[PDB]
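With TSV, N, CA and C atoms and all ligand atoms inside, this is work-v5.tsv:
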chain	number	residue	atom	x	y	z
T	99	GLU	N	91.40	128.73	100.76
T	99	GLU	CA	90.19	127.95	100.50
T	99	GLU	C	90.48	126.46	100.29
T	100	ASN	N	91.46	125.94	101.02
T	100	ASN	CA	91.77	124.51	101.01
T	100	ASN	C	91.17	123.83	102.23
T	101	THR	N	90.98	122.51	102.12
T	101	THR	CA	90.39	121.71	103.19
T	101	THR	C	91.16	120.40	103.35
T	102	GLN	N	90.92	119.72	104.47
T	102	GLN	CA	91.49	118.40	104.73
T	102	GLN	C	90.45	117.50	105.37
T	103	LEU	N	90.44	116.23	104.95
T	103	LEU	CA	89.53	115.22	105.46
T	103	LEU	C	90.31	114.09	106.12
T	104	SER	N	89.84	113.64	107.29
T	104	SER	CA	90.49	112.57	108.03
T	104	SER	C	89.44	111.65	108.65
T	105	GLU	N	89.78	110.37	108.78
T	105	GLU	CA	88.86	109.39	109.34
T	105	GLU	C	89.64	108.22	109.93
T	106	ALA	N	89.00	107.51	110.86
T	106	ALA	CA	89.62	106.38	111.54
T	106	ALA	C	88.53	105.50	112.16
T	107	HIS	N	88.89	104.24	112.42
T	107	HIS	CA	88.00	103.32	113.12
T	107	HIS	C	88.84	102.23	113.78
T	108	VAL	N	88.17	101.38	114.56
T	108	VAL	CA	88.82	100.46	115.49
T	108	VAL	C	88.47	99.03	115.11
T	109	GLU	N	89.47	98.14	115.20
T	109	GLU	CA	89.32	96.73	114.86
T	109	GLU	C	89.90	95.87	115.98
T	110	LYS	N	89.91	94.55	115.75
T	110	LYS	CA	90.42	93.58	116.71
T	110	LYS	C	91.79	93.08	116.29
T	111	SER	N	92.71	93.01	117.26
T	111	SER	CA	94.09	92.66	116.97
T	111	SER	C	94.22	91.20	116.55
T	112	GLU	N	95.26	90.93	115.76
T	112	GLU	CA	95.51	89.57	115.28
T	112	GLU	C	95.98	88.65	116.39
T	113	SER	N	96.72	89.18	117.37
T	113	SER	CA	97.31	88.39	118.45
T	113	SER	C	96.28	87.81	119.41
T	114	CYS	N	94.99	88.09	119.24
T	114	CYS	CA	93.98	87.59	120.18
T	114	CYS	C	93.89	86.07	120.19
T	115	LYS	N	94.44	85.39	119.18
T	115	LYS	CA	94.40	83.94	119.14
T	115	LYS	C	95.36	83.28	120.13
T	116	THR	N	96.29	84.04	120.70
T	116	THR	CA	97.28	83.50	121.63
T	116	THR	C	97.22	84.13	123.01
T	117	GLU	N	97.04	85.45	123.10
T	117	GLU	CA	97.00	86.17	124.37
T	117	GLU	C	95.57	86.63	124.61
T	118	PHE	N	94.88	85.98	125.55
T	118	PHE	CA	93.49	86.33	125.83
T	118	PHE	C	93.13	85.88	127.24
T	119	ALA	N	92.03	86.42	127.75
T	119	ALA	CA	91.45	86.01	129.02
T	119	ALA	C	89.98	85.68	128.82
T	120	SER	N	89.46	84.77	129.65
T	120	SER	CA	88.13	84.22	129.47
T	120	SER	C	87.33	84.31	130.76
T	121	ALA	N	86.04	84.61	130.64
T	121	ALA	CA	85.14	84.77	131.77
T	121	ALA	C	84.15	83.61	131.81
T	122	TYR	N	83.96	83.03	132.99
T	122	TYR	CA	83.15	81.84	133.16
T	122	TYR	C	82.13	82.07	134.27
T	123	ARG	N	81.05	81.29	134.23
T	123	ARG	CA	80.08	81.22	135.32
T	123	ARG	C	80.01	79.79	135.83
T	124	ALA	N	80.06	79.61	137.15
T	124	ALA	CA	80.24	78.31	137.77
T	124	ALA	C	78.96	77.81	138.44
T	125	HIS	N	78.85	76.49	138.55
T	125	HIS	CA	77.69	75.81	139.13
T	125	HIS	C	78.19	74.70	140.05
T	126	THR	N	77.26	73.85	140.50
T	126	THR	CA	77.57	72.81	141.48
T	126	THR	C	78.63	71.83	140.96
T	127	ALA	N	79.51	71.41	141.86
T	127	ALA	CA	80.65	70.55	141.55
T	127	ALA	C	80.39	69.10	141.94
T	128	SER	N	81.13	68.20	141.30
T	128	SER	CA	81.18	66.79	141.64
T	128	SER	C	82.43	66.48	142.46
T	129	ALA	N	82.58	65.22	142.86
T	129	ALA	CA	83.69	64.81	143.71
T	129	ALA	C	84.11	63.38	143.38
T	130	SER	N	85.38	63.07	143.63
T	130	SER	CA	85.91	61.73	143.43
T	130	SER	C	86.99	61.44	144.47
T	131	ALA	N	87.27	60.15	144.67
T	131	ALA	CA	88.21	59.74	145.70
T	131	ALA	C	88.89	58.43	145.32
T	132	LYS	N	90.06	58.19	145.91
T	132	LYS	CA	90.85	56.99	145.69
T	132	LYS	C	91.40	56.50	147.02
T	133	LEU	N	91.38	55.18	147.24
T	133	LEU	CA	91.69	54.60	148.54
T	133	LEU	C	92.67	53.44	148.41
T	134	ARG	N	93.35	53.16	149.53
T	134	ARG	CA	94.17	51.96	149.70
T	134	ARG	C	93.63	51.15	150.87
T	135	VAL	N	93.49	49.84	150.67
T	135	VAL	CA	92.94	48.93	151.67
T	135	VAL	C	93.86	47.73	151.81
T	136	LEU	N	94.14	47.33	153.05
T	136	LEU	CA	94.94	46.16	153.35
T	136	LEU	C	94.00	44.98	153.58
T	137	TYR	N	94.02	44.01	152.67
T	137	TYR	CA	93.02	42.95	152.62
T	137	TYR	C	93.72	41.61	152.53
T	138	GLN	N	93.62	40.81	153.60
T	138	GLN	CA	94.17	39.46	153.65
T	138	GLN	C	95.66	39.44	153.32
T	139	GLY	N	96.40	40.41	153.86
T	139	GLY	CA	97.84	40.44	153.68
T	139	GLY	C	98.33	41.05	152.39
T	140	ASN	N	97.47	41.68	151.60
T	140	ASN	CA	97.87	42.30	150.35
T	140	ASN	C	97.30	43.71	150.25
T	141	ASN	N	97.98	44.55	149.47
T	141	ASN	CA	97.51	45.90	149.19
T	141	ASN	C	96.67	45.89	147.92
T	142	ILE	N	95.48	46.50	147.99
T	142	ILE	CA	94.64	46.70	146.82
T	142	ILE	C	94.21	48.16	146.79
T	143	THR	N	93.85	48.63	145.59
T	143	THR	CA	93.48	50.02	145.37
T	143	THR	C	92.11	50.10	144.70
T	144	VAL	N	91.35	51.13	145.07
T	144	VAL	CA	90.02	51.36	144.54
T	144	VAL	C	89.88	52.82	144.13
T	145	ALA	N	88.98	53.07	143.18
T	145	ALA	CA	88.73	54.41	142.67
T	145	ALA	C	87.25	54.53	142.33
T	146	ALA	N	86.61	55.59	142.82
T	146	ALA	CA	85.17	55.72	142.66
T	146	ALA	C	84.75	57.16	142.88
T	147	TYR	N	83.52	57.46	142.47
T	147	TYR	CA	82.91	58.76	142.70
T	147	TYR	C	82.40	58.86	144.13
Q	215	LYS	N	109.90	124.06	76.88
Q	215	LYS	CA	109.03	125.13	76.44
Q	215	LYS	C	109.56	126.46	76.96
Q	216	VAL	N	108.95	127.54	76.47
Q	216	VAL	CA	109.22	128.90	76.91
Q	216	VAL	C	107.90	129.65	76.96
Q	217	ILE	N	107.75	130.52	77.96
Q	217	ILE	CA	106.55	131.33	78.12
Q	217	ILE	C	106.96	132.79	78.04
Q	218	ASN	N	106.23	133.57	77.24
Q	218	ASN	CA	106.57	134.96	76.98
Q	218	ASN	C	105.84	135.88	77.95
Q	219	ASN	N	106.59	136.81	78.55
Q	219	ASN	CA	106.06	137.80	79.49
Q	219	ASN	C	105.21	137.14	80.58
Q	220	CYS	N	105.85	136.23	81.31
Q	220	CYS	CA	105.18	135.50	82.39
Q	220	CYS	C	106.25	135.18	83.43
Q	221	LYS	N	106.32	135.99	84.48
Q	221	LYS	CA	107.45	135.91	85.39
Q	221	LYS	C	107.34	134.68	86.29
Q	222	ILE	N	108.44	134.36	86.97
Q	222	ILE	CA	108.45	133.40	88.06
Q	222	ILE	C	107.68	134.00	89.23
Q	223	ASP	N	107.36	133.17	90.23
Q	223	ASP	CA	106.48	133.48	91.36
Q	223	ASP	C	105.03	133.44	90.87
Q	224	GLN	N	104.80	132.93	89.65
Q	224	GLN	CA	103.45	132.82	89.12
Q	224	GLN	C	103.15	131.46	88.49
Q	225	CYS	N	104.01	130.46	88.68
Q	225	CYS	CA	103.88	129.20	87.97
Q	225	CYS	C	104.05	128.03	88.93
Q	226	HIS	N	103.75	126.83	88.43
Q	226	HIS	CA	103.79	125.61	89.23
Q	226	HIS	C	104.23	124.45	88.34
Q	227	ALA	N	104.86	123.44	88.95
Q	227	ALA	CA	105.31	122.28	88.19
Q	227	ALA	C	105.22	121.02	89.05
Q	228	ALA	N	105.05	119.88	88.38
Q	228	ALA	CA	104.96	118.58	89.04
Q	228	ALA	C	105.18	117.48	88.01
Q	229	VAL	N	105.49	116.28	88.50
Q	229	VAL	CA	105.72	115.11	87.67
Q	229	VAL	C	104.57	114.14	87.88
Q	230	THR	N	103.99	113.63	86.79
Q	230	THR	CA	102.68	112.99	86.86
Q	230	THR	C	102.58	111.61	86.22
Q	231	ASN	N	103.63	111.09	85.59
Q	231	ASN	CA	103.55	109.80	84.90
Q	231	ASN	C	104.34	108.78	85.71
Q	232	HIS	N	103.63	107.87	86.37
Q	232	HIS	CA	104.24	106.89	87.26
Q	232	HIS	C	103.89	105.47	86.83
Q	233	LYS	N	104.82	104.54	87.09
Q	233	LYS	CA	104.68	103.15	86.69
Q	233	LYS	C	104.84	102.15	87.83
Q	234	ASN	N	105.02	102.61	89.06
Q	234	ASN	CA	105.20	101.73	90.21
Q	234	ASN	C	104.20	102.08	91.30
Q	235	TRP	N	104.01	101.14	92.22
Q	235	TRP	CA	103.06	101.29	93.32
Q	235	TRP	C	103.78	101.60	94.63
Q	236	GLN	N	103.03	102.16	95.58
Q	236	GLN	CA	103.58	102.67	96.82
Q	236	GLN	C	102.60	102.42	97.96
Q	237	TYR	N	103.15	102.23	99.16
Q	237	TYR	CA	102.33	102.03	100.35
Q	237	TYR	C	101.61	103.32	100.73
Q	238	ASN	N	100.36	103.18	101.20
Q	238	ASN	CA	99.52	104.33	101.53
Q	238	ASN	C	99.76	104.78	102.97
Q	239	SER	N	100.94	105.38	103.17
Q	239	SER	CA	101.31	105.86	104.49
Q	239	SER	C	100.39	107.00	104.92
Q	240	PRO	N	100.08	107.10	106.22
Q	240	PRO	CA	99.30	108.24	106.71
Q	240	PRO	C	100.04	109.57	106.66
Q	241	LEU	N	101.29	109.59	106.18
Q	241	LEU	CA	102.07	110.82	106.06
Q	241	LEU	C	102.14	111.34	104.62
Q	242	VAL	N	101.41	110.73	103.69
Q	242	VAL	CA	101.41	111.20	102.30
Q	242	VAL	C	99.97	111.37	101.82
Q	243	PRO	N	99.69	112.36	100.97
Q	243	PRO	CA	98.31	112.65	100.59
Q	243	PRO	C	97.78	111.74	99.49
Q	244	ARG	N	96.47	111.58	99.49
Q	244	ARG	CA	95.81	110.70	98.53
Q	244	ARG	C	95.77	111.35	97.15
Q	245	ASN	N	95.90	110.53	96.11
Q	245	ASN	CA	95.90	111.03	94.74
Q	245	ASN	C	94.51	111.28	94.19
Q	246	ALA	N	93.49	110.63	94.74
Q	246	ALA	CA	92.12	110.80	94.27
Q	246	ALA	C	91.17	110.51	95.43
Q	247	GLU	N	89.92	110.95	95.27
Q	247	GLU	CA	88.94	110.82	96.35
Q	247	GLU	C	88.73	109.36	96.72
Q	248	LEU	N	88.63	108.48	95.73
Q	248	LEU	CA	88.51	107.05	95.96
Q	248	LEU	C	89.80	106.38	95.49
Q	249	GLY	N	90.44	105.64	96.38
Q	249	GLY	CA	91.71	105.02	96.04
Q	249	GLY	C	91.54	103.86	95.08
Q	250	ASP	N	92.60	103.59	94.32
Q	250	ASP	CA	92.63	102.48	93.37
Q	250	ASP	C	93.58	101.43	93.91
Q	251	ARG	N	93.03	100.33	94.40
Q	251	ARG	CA	93.83	99.25	94.95
Q	251	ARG	C	94.47	98.43	93.84
Q	252	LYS	N	95.75	98.11	94.01
Q	252	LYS	CA	96.50	97.34	93.03
Q	252	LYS	C	97.03	96.00	93.53
Q	253	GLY	N	97.25	95.85	94.83
Q	253	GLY	CA	97.84	94.62	95.33
Q	253	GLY	C	98.11	94.74	96.82
Q	254	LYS	N	98.71	93.68	97.37
Q	254	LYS	CA	98.96	93.63	98.80
Q	254	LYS	C	100.15	92.72	99.09
Q	255	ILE	N	100.79	92.97	100.23
Q	255	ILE	CA	101.92	92.18	100.71
Q	255	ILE	C	101.68	91.82	102.17
Q	256	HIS	N	102.38	90.79	102.63
Q	256	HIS	CA	102.11	90.17	103.92
Q	256	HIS	C	103.15	90.58	104.97
Q	257	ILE	N	102.77	90.43	106.23
Q	257	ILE	CA	103.62	90.75	107.37
Q	257	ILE	C	104.19	89.44	107.92
Q	258	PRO	N	105.51	89.27	107.97
Q	258	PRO	CA	106.08	88.01	108.45
Q	258	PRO	C	106.13	87.89	109.97
Q	259	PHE	N	106.85	86.88	110.46
Q	259	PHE	CA	107.19	86.71	111.87
Q	259	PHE	C	105.98	86.59	112.78
Q	260	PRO	N	105.25	85.48	112.75
Q	260	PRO	CA	104.09	85.29	113.63
Q	260	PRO	C	104.51	84.86	115.03
Q	261	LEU	N	103.51	84.73	115.90
Q	261	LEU	CA	103.69	84.34	117.29
Q	261	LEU	C	103.64	82.82	117.46
Q	262	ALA	N	104.18	82.36	118.59
Q	262	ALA	CA	104.18	80.94	118.95
Q	262	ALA	C	104.37	80.82	120.45
Q	263	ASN	N	104.15	79.61	120.97
Q	263	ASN	CA	104.40	79.32	122.38
Q	263	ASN	C	105.79	78.73	122.57
Q	264	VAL	N	106.46	79.15	123.64
Q	264	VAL	CA	107.78	78.65	124.02
Q	264	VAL	C	107.88	78.61	125.53
Q	265	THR	N	109.07	78.29	126.04
Q	265	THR	CA	109.34	78.29	127.47
Q	265	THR	C	110.63	79.05	127.74
Q	266	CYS	N	110.74	79.61	128.94
Q	266	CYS	CA	111.90	80.39	129.33
Q	266	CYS	C	112.26	80.06	130.78
K	1	LIG	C1	99.65	77.81	122.35
K	1	LIG	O1	99.30	78.40	121.10
K	1	LIG	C2	97.92	78.22	120.75
K	1	LIG	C3	97.72	78.86	119.40
K	1	LIG	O2	98.93	78.90	118.66
K	1	LIG	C4	97.00	78.79	121.83
K	1	LIG	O3	95.65	78.44	121.53
K	1	LIG	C5	97.37	78.28	123.22
K	1	LIG	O4	96.63	78.97	124.21
K	1	LIG	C6	98.86	78.47	123.46
K	1	LIG	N1	99.23	77.93	124.76
K	1	LIG	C7	100.01	78.59	125.62
K	1	LIG	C8	100.30	77.90	126.92
K	1	LIG	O5	100.47	79.71	125.37
K	2	LIG	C1	101.94	47.09	150.95
K	2	LIG	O1	101.81	46.08	151.96
K	2	LIG	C2	102.93	46.01	152.85
K	2	LIG	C3	102.70	44.84	153.77
K	2	LIG	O2	102.79	43.61	153.07
K	2	LIG	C4	103.07	47.34	153.60
K	2	LIG	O3	104.22	47.29	154.44
K	2	LIG	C5	103.21	48.48	152.61
K	2	LIG	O4	103.24	49.72	153.30
K	2	LIG	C6	102.06	48.46	151.61
K	2	LIG	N1	102.24	49.50	150.60
K	2	LIG	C7	101.96	50.79	150.82
K	2	LIG	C8	102.21	51.72	149.67
K	2	LIG	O5	101.52	51.19	151.89
So that I can check it, write out the structure of this file as structure tokens.
Ligand SMILES: *[C@@H]1O[C@H](CO)[C@@H](O)[C@H](O)[C@H]1NC(C)=O
Ligand SMILES: *[C@@H]1O[C@H](CO)[C@@H](O)[C@H](O)[C@H]1NC(C)=O
Amino acid sequence: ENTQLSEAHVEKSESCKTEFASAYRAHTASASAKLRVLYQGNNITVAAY
Amino acid sequence: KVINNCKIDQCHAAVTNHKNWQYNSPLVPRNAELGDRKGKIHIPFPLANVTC
């Protein structure tokens, strides 16, 4: 006439602060460019969207 | 002590006065239905980033 009781549950690991993966949703992108121009015997550089 | 006309195979014994604390391993039975918490200790050696 003896009995035994057992129980368990699930938690989140401590290491999640270093080893993890992330899911993203993406939208329209922007663009940028950089150029070199030879102007009156000298090299100049430009940068713009 | 001594017990009169009471044979072996009919008795039980145990030690019950304790002064130190012990970890609650899943391989040892609980002393009471609701446990009595006394303290806690920490786990060393954390993680970090490195290169190999
Ligand atoms: C460096 O560690 C931090 C936390 O300690 C974490 O946020 C980061 O993602 C880690 N970087 C790499 C490259 O593992
Ligand atoms: C800079 O100008 C000279 C001409 O003066 C040219 O030969 C050179 O290629 C230019 N620099 C680069 C990185 O193209």
Please find the residues contacting ligand LIG 1 (chain K) at a distance of at most 6 Å between atoms, with all atoms listed in the file counted, and report them as a list in words.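 Residues lying within 6 Å of ligand LIG 1 (chain K): residues 115 and 116 of chain T; 262 and 263 of chain Q.
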Go through the chains and note each residue within 8 Å of ligand LIG 2 (chain K), using all atoms listed in the file, then give the set as a PyMOL selection string. chain T and resi 134+136+139-142
Residues just named, written with N, CA and C atoms as a PDB file, in the coordinates of the input:
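Output file result-v8.pdb follows:
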ATOM      1  N   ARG T 134      93.350  53.160 149.530  1.00  0.00           N
ATOM      2  CA  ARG T 134      94.170  51.960 149.700  1.00  0.00           C
ATOM      3  C   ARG T 134      93.630  51.150 150.870  1.00  0.00           C
ATOM      4  N   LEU T 136      94.140  47.330 153.050  1.00  0.00           N
ATOM      5  CA  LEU T 136      94.940  46.160 153.350  1.00  0.00           C
ATOM      6  C   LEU T 136      94.000  44.980 153.580  1.00  0.00           C
ATOM      7  N   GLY T 139      96.400  40.410 153.860  1.00  0.00           N
ATOM      8  CA  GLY T 139      97.840  40.440 153.680  1.00  0.00           C
ATOM      9  C   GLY T 139      98.330  41.050 152.390  1.00  0.00           C
ATOM     10  N   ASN T 140      97.470  41.680 151.600  1.00  0.00           N
ATOM     11  CA  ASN T 140      97.870  42.300 150.350  1.00  0.00           C
ATOM     12  C   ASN T 140      97.300  43.710 150.250  1.00  0.00           C
ATOM     13  N   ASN T 141      97.980  44.550 149.470  1.00  0.00           N
ATOM     14  CA  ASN T 141      97.510  45.900 149.190  1.00  0.00           C
ATOM     15  C   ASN T 141      96.670  45.890 147.920  1.00  0.00           C
ATOM     16  N   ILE T 142      95.480  46.500 147.990  1.00  0.00           N
ATOM     17  CA  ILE T 142      94.640  46.700 146.820  1.00  0.00           C
ATOM     18  C   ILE T 142      94.210  48.160 146.790  1.00  0.00           C
TER      19      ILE T 142
END
To one decimal in Å, tell me the separation between atom C of residue 133 (chain T) and atom N of residue 146 (chain T).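 Going from atom C of residue 133 (chain T) over to atom N of residue 146 (chain T), I get 8.5 Å.
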As an MDAnalysis selection string, which residues of chain T does DSSP assign to strand (DSSP E or B)? chainID T and resid 131:137 140:146
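Computed from the coordinates, the atom N of residue 249 (chain Q) to CA of residue 113 (chain T) distance equals 28.8 Å.
Interatomic distance, atom N of residue 233 (chain Q) to atom N of residue 251 (chain Q): 14.5 Å.
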Put a box with edges along x, y and z around all the listed atoms of region 224-239 of chain Q, pad it by 8 Å on each side, then give me its centre and sizes in Å, one decimal, as lines of an AutoDock Vina configuration file.
center_x = 102.6
center_y = 117.0
center_z = 94.9
size_x = 22.2
size_y = 47.8
size_z = 36.0
Interface residues on chain T facing chain Q, 12 Å, only C-alpha atoms, written as a list in words: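 Output check: residues 102, 103, 104, 105, 106, 112, 113, 114, 115, 116 and 117 of chain T.
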Residue list as a ChimeraX atom specification for point (84.0, 57.0, 139.8), cut-off 10 Å, only C-alpha atoms: /T:129-132,144-147
Out of chain T, which residues get helix (DSSP H, G or I) from DSSP, as a compact mmCIF listing (two decimals) with N, CA and C atoms, keeping the file's coordinate frame?
# COMPACT_ATOMS: atom_id res chain seq x y z
N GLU T 112 95.26 90.93 115.76
CA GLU T 112 95.51 89.57 115.28
C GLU T 112 95.98 88.65 116.39
N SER T 113 96.72 89.18 117.37
CA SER T 113 97.31 88.39 118.45
C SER T 113 96.28 87.81 119.41
N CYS T 114 94.99 88.09 119.24
CA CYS T 114 93.98 87.59 120.18
C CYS T 114 93.89 86.07 120.19
N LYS T 115 94.44 85.39 119.18
CA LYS T 115 94.40 83.94 119.14
C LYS T 115 95.36 83.28 120.13
